Amino acid sequence: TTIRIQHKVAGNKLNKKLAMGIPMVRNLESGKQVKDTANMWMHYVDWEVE
Amino acid sequence: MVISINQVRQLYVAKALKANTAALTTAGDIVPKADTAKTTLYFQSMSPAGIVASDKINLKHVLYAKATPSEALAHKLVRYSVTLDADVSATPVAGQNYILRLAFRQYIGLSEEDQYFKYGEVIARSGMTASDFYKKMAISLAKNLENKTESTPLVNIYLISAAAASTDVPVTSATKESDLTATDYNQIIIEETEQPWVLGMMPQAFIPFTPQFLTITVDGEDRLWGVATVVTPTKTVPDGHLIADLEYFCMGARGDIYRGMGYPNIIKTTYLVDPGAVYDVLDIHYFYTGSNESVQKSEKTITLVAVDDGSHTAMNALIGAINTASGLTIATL
Amino acid sequence: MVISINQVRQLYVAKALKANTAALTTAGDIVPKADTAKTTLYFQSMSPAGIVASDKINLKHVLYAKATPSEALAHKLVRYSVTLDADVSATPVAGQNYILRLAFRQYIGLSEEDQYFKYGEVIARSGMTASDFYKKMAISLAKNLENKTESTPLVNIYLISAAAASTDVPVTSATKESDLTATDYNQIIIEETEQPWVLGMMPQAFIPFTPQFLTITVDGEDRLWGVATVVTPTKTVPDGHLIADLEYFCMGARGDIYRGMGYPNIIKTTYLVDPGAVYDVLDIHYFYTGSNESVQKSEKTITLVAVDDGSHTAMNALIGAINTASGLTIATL
Amino acid sequence: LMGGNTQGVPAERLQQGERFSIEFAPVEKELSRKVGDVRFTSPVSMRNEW
């Protein structure tokens, strides 16, 4: 079987530092459930894309 | 018959026409399905293994939709009409050997370099007539071209009596001048013969030929005795063998590409084309374009083949169906 | 007349409209050609060297197609009327130097935007009336701008007498008050001029102007005396020279791009536009899209010229033929 | 009409001879599509004799 995914971003998000950030329940490989914050919106996009 | 595809081609046999998805009882039943707001078109076909639908066609992204009849795919066999040149001499020469040469162009191999020559020799005699010479020439060609030991059929050879002027008298390697009882033979026809065929292994091909002549001394000068001429064909190889390979090919896009590789461990595909029939074809070219950046086209083809009863009833009914459901106009043939 | 192109422009001269390809005998003969299904349109034109065919237009890819009346491409010649305002004084005031200025937006030989002036001096005395002032101001202007010394003035000067009110009285660098014997001169008109034109070297171009008046003291107050009003033009500049240049440039898209560069070693192209005639233009913008993965458009245009004889007869027939062939709905002139 | 206009432009400003000039090519900050173009000019030549 074959799987695909995509996501379009406007180029003005290159280094759009976020005002307050976005806290998140992010999970690591096994030692997961690490709460992290997204200062740049790209980090948040990258994490959910993966 | 491996073919070229504009990124895909798919085939559906329209054995019957049912008008409802409910009436798809047996294989080969097909229904064109398009909403009232004519934006999509597809075909619900009954497979040997259950219902199945075809890719949906955007009636806005359709490029060409055309039906081709059976006769359009019937290869007319090239037939020459070789006679002796009334310029050199309207009759044979007393003591000359007339050696007719048939150079065959595409012999076993694909290339035009794969040449093969077959000869017919006739030494003329005083008092010999033209009819009698055609008789002997055709018989020599028979023994060389219509023999039984030849690996593959090469040509058919005939004779025509001026009285008939249209009837062609077969001359096989069994024939003999006792069986050819006439005096008004005008020419020797040499026709192209259908080569063998195998589903998926030997595509429908032919081997063409040109008749060449050797030179005789007519007074004291080497000259050619014959004039080879192309006359209208009268035989045609029917479509049944092309459509079958087309299906043997286009069904590997909708399914198994390992047609037979893995002999015990394979997946057999039942087909609905009988190579002993004559189908009319219908092809629709269309494409899919994406959104906001994926504008590159994906041109695609959906072909439907229906048997011709001689007046194109199955296809014309199929055409009326697609035209009344899609608003299209596909020029009934 | 180098122009901007949407990747190409091609020009063909419709010197004569013929019904069939066989009637193309003289250079300039043209016929619109389209199939019966109206899938493509092309033009067969007789060049000095045989008939040439235009690009083929896929009639689904036509962006726009409009024709012009040859009056849109004509340039009216701007002309003002100069007059001393009755507010300051309805008659010249003695002792004051009246200096008129003509503010040109380009130089005579250049096209870059600059400020370029020409002047006219008159010094008023106790008895000088309006007529004598216009007279002496006109002669001063002529001697100052018609110092061409090679070719021709930059603007043309005339005088209008109150009796005529419509008969422009020309004034040149040779004119002298003895030639101007009227006493009812009431204004001065200053028209634009048709500057030199060369086929592919000097484009048709004009130099607008504005009559500006310097300041005089009337009652101890510096004031402006003049009234530079814009009367309606009466002369025109047709497009013959403008079209001829279009051909000269657009014939390098199917012909030789060099034109006199390696002067001894050149190719010389024969041009069918008659500078001196007035052509009404037609244009068809279309594009080529392409195949899978090749959606990028190659937009193009084919324009056609035809002489106008008042009524746009030639072009009206040409488009009527094109609408009859390609089914388009181009509008008549 | 750009510039926040809600009333239009008088015809007087839209008559034969009104000369125009290029200012700039503004776009969006998000998802901008190509716009603009550059310009070229040719020289002339003068000659004199000895």
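Residues numbered from 1 in each chain as written, not as in the entry; some residues may be left out. Chains lettered and ligands numbered in written order. Part of a larger assembly, values for the part shown. Heavy atoms only, no water.

For this coordinate set, the PDB header names cryo-EM as the determination method and states a resolution of 3.01 Å.

1. Examining the overall build of chain D
Of regular secondary structure, chain D possesses zero helices and zero strands. Over its C-alpha trace chain D gives a radius of gyration of 20 Å, far above what one expects of a compact globule, namely 10 Å for 50 residues. By its C-alpha atoms, chain D is 65 × 35 × 10 Å across when sized along the principal axes. Counting all 50 residues of chain D, 0% fall into the buried class. (Helix = DSSP H or I, 4+ residues; strand = E, 2+ residues; numbered from the N terminus. Rg over C-alpha atoms; globule rule 2.2 N^0.38 Å. Buried < 20%, exposed > 50% of the residue type's maximum accessible area, 1.4 Å probe, protein only.)

2. Concerning the overall build of chain A
When you go through chain A residue by residue, the secondary structure sums to one helix and two strands. Listed by position from the N terminus, the elements making up chain A come as β-β-α. A compact globule built from 50 residues would reach a C-alpha radius of gyration of about 10 Å, whereas chain A, at 13 Å, exceeds it by more than 25%. Structurally, chain A occupies a C-alpha span of about 40 × 30 × 10 Å along its principal axes. In chain A, buried positions account for 10% of the 50 residues. Taking the contacts inside chain A whose residues are at least 6 apart along the sequence as the reference set, 26% of them involve residues at least 24 apart. Summed over all atoms, the accessible surface of chain A reaches about 4,600 Å², with 53% contributed by carbon and sulfur. (Contact = heavy atoms within 4.5 Å. Areas by Shrake-Rupley, 256 points an atom, 1.4 Å probe, with all protein chains shown as cover.)

3. Considering the layout of surface pockets
A volume near 460 Å³ is recorded for the second largest pocket. Residue lining of the second largest pocket: 20 residues in total, with B:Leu63, B:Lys297, C:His61, C:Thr289 and C:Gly290 positioned closest to the centre. Broken down by secondary-structure element, the contributors of at least two residues to the lining of the second largest pocket are β7 (62–68) and β20 (279–288) of chain B. Its residues assigned to classes, the lining of the second largest pocket shows six nonpolar, nine polar and five charged. (1 Å grid on protein atoms, 1.4 Å probe; cavity = no way out; pocket = protein on both sides within 12 Å on 5 of 7 lines; lining within 4 Å. Points joined across faces, edges and corners; volume = space filled by probe spheres on them. Nonpolar A, V, L, I, M, F, W, Y, C, P; charged D, E, K, R; others polar.)

4. Details of the relation of the copies chain C and chain B
When chain C is fitted to chain B, the residual RMSD is 1.5 Å, and the transformation amounts to a turn of 118 degrees plus an axial shift of 1.5 Å. These values place the two chain copies in the arrangement generated by a three-fold rotation axis. Closest to the rotation axis within chain C is the C-alpha of C:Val295, separated from it by 4.3 Å. A low fraction, 17%, of the interface residues of chain C reappear at the interface in chain B, so the copies pair through non-equivalent surfaces. (Least-squares fit on C-alpha atoms.)

5. Digging into the packing of aromatic side chains
One pass over the structure, following the stated rule, counts 19 aromatic pairs over all chains. On the basis of an interplanar angle of 70 degrees and a centroid distance of 5.2 Å, the ring pair of B:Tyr98 and B:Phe133 is categorised as edge-to-face. With B:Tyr98 in strand β10 (residues 97–104) and B:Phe133 in helix α1 (residues 130–145), this pair connects stretches of sequence that are 35 residues apart. Judged by relative accessible area, B:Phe133 falls into the buried class, the value being 2%. Consider the rings of C:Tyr98 and C:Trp225, whose centres lie 4.9 Å apart with planes at 70 degrees: the pair is edge-to-face. Of the two residues, C:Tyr98 is situated in strand β10 (residues 97–102) and C:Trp225 in the loop between β17 (222–224) and β18 (229–231); the sequence distance between them amounts to 127 residues. With relative accessibility at 1%, the residue C:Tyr98 sits in the buried group. Across from the ring centre of A:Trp41, 5.0 Å away, lies the NZ or CZ of A:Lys13, which sits over that ring. Against the face of C:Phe287 rests C:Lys297, its NZ or CZ located 4.1 Å from the ring centre. (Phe/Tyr/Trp six-rings, centres within 6.5 Å; stacked < 30°, edge-to-face > 60°. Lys NZ or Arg CZ within 6 Å of the ring centre and 35° of its normal.)

6. As for the pairing of β10(B)
All names here are of chain B. Note: β10 against strand β11 (residues 116–123), eight bridges, orientation antiparallel. Each residue of the ladder has a partner; that of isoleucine 99, found in β11, is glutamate 121. Taken together, the five bridges between β10 and strand β15 (residues 209–213) define a ladder with antiparallel strand orientation. Bridge pairing in β15 places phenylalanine 104 opposite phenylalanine 209. (Pairing = 2+ DSSP bridges.)

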